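**Student:** So I pulled this structure from the PDB, and the sequence comes with it:
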Amino acid sequence: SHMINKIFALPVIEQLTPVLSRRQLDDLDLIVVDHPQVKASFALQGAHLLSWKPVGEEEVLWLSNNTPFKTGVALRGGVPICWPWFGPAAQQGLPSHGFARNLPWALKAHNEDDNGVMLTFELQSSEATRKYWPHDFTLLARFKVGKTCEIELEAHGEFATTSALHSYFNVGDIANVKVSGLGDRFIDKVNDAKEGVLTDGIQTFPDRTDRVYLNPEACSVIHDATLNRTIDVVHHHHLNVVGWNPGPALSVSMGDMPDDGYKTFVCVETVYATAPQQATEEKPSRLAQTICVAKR
């Protein structure tokens, strides 16, 4: 979290409200929440929740001290919004995880309390956007940050998507981490998409792990023995959960993560991937994740 600190140290370009401001790190406008109950930060690019620290806690979200902050380049960490496909594209030459995380959204709305801050971000289809995904849409992302954190994605239009909230959670040492509540069946993307079965819903992360759980509980729990805390992750409207850590070899290969980056995070993702999600004029597709922390 040197990188998160670098963020809260930036000068203010606009004081939106006594608690919300807009700042800039290289190429990217950020929206920064400095509030008595919470510090959180966002990039307009990809409405990307970059950090989240409820008062009295260690940073809950992990952010790479290597991620570029460049126009149209995906941020490494935080909660990448993966939309309108999850994972590698159908067509060679299109990126993994959609294009929403690549484009500027508009901060459409915000209110605050003594408890926290709500923000609504918006992203609209364009004649630009359509050359590679030929569909009109309006995508909304809503956040309530305070002592808990709520993230809500809503897509309007008439189409199928596959998507994820690709959350990176800050963890003391991936070696003392287990994540419970994962259920039984999973698909192991690291191993030829084979199916396996947990007998107790607990995944550990000895090395590279990339798992799509078919039957997780609503709430996944990160147990962290270094920082001495659990992190609750509650999934809504989703089909799957995914647990991922690159491991050392990939953490090195990746230009946008430090060699030892994988030591300090686990992704527990809220996903809709093993079947298509349909939005319609009347019924927009939705995905949501709620996060809590508790020491000990």
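**Tutor:** Looks like it came in fine. Numbers count the residues shown, from 1 in each chain.
**Student:** And the strands in the stretch 151-296 of the chain, which stretches?
**Tutor:** Taking DSSP state E, counting those that start in this stretch as the criterion, the stretch 151-296 of the chain contains strands spanning 159-165, 168-170, 177-180, 185-188, 194-197, 203-204, 209-213, 219-224, 229-236, 240-245, 265-279, 285-295.
**Student:** All the helices of the chain, residue numbers only.
**Tutor:** Remark: helices assigned in the chain by DSSP state H are 2-8, 127-130, 247-253.
**Student:** a markdown table please, covering those helices and showing mean neighbour count and distance to residue 113.
**Tutor:** Quick note: C-beta positions are derived from backbone N, CA and C, even for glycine. Below are these laid out as a markdown table (neighbours: other C-beta atoms under 10 Å; distance: least, C-beta to C-beta, whole Å):
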| stretch | mean neighbour count | distance to residue 113 |
| --- | --- | --- |
| helix 2-8 | 15 | 21 |
| helix 127-130 | 11 | 35 |
| helix 247-253 | 15 | 39 |
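**Student:** Now tabulate the ones you listed in a markdown table and tack on distance to residue 173.
**Tutor:** A markdown table is the format used below for those (distance: least, C-beta to C-beta, whole Å):
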| stretch | distance to residue 173 |
| --- | --- |
| helix 2-8 | 17 |
| helix 127-130 | 41 |
| helix 247-253 | 13 |
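**Student:** Any idea which of those gets closest to residue 85?
**Tutor:** helix 127-130 (13.6 Å; C-beta to C-beta).
**Student:** what about dumping the CA coordinates of that closest one to PDB?
**Tutor:** Extracted in PDB, the C-alpha atoms of helix 127-130 (Å, rounded to 0.1, in the frame of the first residue of the first chain):
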ATOM      1  CA  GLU A 127     -20.300   4.600 -32.200                       C
ATOM      2  CA  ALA A 128     -16.700   4.000 -30.900                       C
ATOM      3  CA  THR A 129     -17.800   1.200 -28.600                       C
ATOM      4  CA  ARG A 130     -20.000  -0.500 -31.200                       C
END
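**Student:** List the contacts of that helix.
**Tutor:** The contact list for helix 127-130 (C-beta atoms under 8 Å, 6 or more residues apart in numbering) reads 99, 103, 136.
**Student:** Just the closest of those to residue 220, please.
**Tutor:** Checking the contacts of helix 127-130 one by one against residue 220 (C-beta to C-beta), the nearest turns out to be residue 99, at 27.0 Å.
**Student:** contacting residues around residue 27?
**Tutor:** 69, 70, 71.
**Student:** Now restrict these to buried residues only.
**Tutor:** Buried members of these, counted by 16 or more other C-beta atoms under 10 Å: residue 69.
**Student:** nearest to residue 198, of the contacts of residue 27?
**Tutor:** residue 69 (37.6 Å).
**Student:** Hmm, residue 23 and that closest one touching each other?
**Tutor:** No - Residue 69 is beyond contact range of residue 23, at 11.1 Å (criterion: C-beta atoms under 8 Å).
**Student:** residue contacts, residue 281?
**Tutor:** residue 158.
**Student:** any idea how far it is from residue 291?
**Tutor:** Distance from residue 281 to residue 291, counting by C-beta to C-beta, to the nearest Å: 32 Å.
**Student:** for the most centrally placed residue in the chain, what are its contacts?
**Tutor:** Per C-alpha atoms, centre = their mean, the C-alpha nearest to the average position across the chain is that of residue 79, at 1.7 Å. Shown in contact with residue 79 (C-beta under 8 Å, 6+ apart): 48, 49, 61, 151, 165, 166, 167, 168, 289.
**Student:** rerun at 7 Å
**Tutor:** Residues in contact with residue 79, defined by C-beta atoms under 7 Å, 6 or more residues apart in numbering, are 49, 61, 151, 165, 166, 167.
**Student:** Let me see the backbone angles for the fifth one.
**Tutor:** When quoted as degrees, to the nearest 10, the phi and psi of residue 166 stand at phi -90, psi 60.
**Student:** thought residue 237 was touching residue 289?
**Tutor:** No - using C-beta atoms under 7 Å, residue 237 makes no contact with residue 289, being 9.6 Å away.
**Student:** okay, the two: which has more neighbours?
**Tutor:** Each of residue 237 and residue 289 has its neighbours counted (other C-beta atoms under 10 Å); residue 289 has more, 26 against 15.
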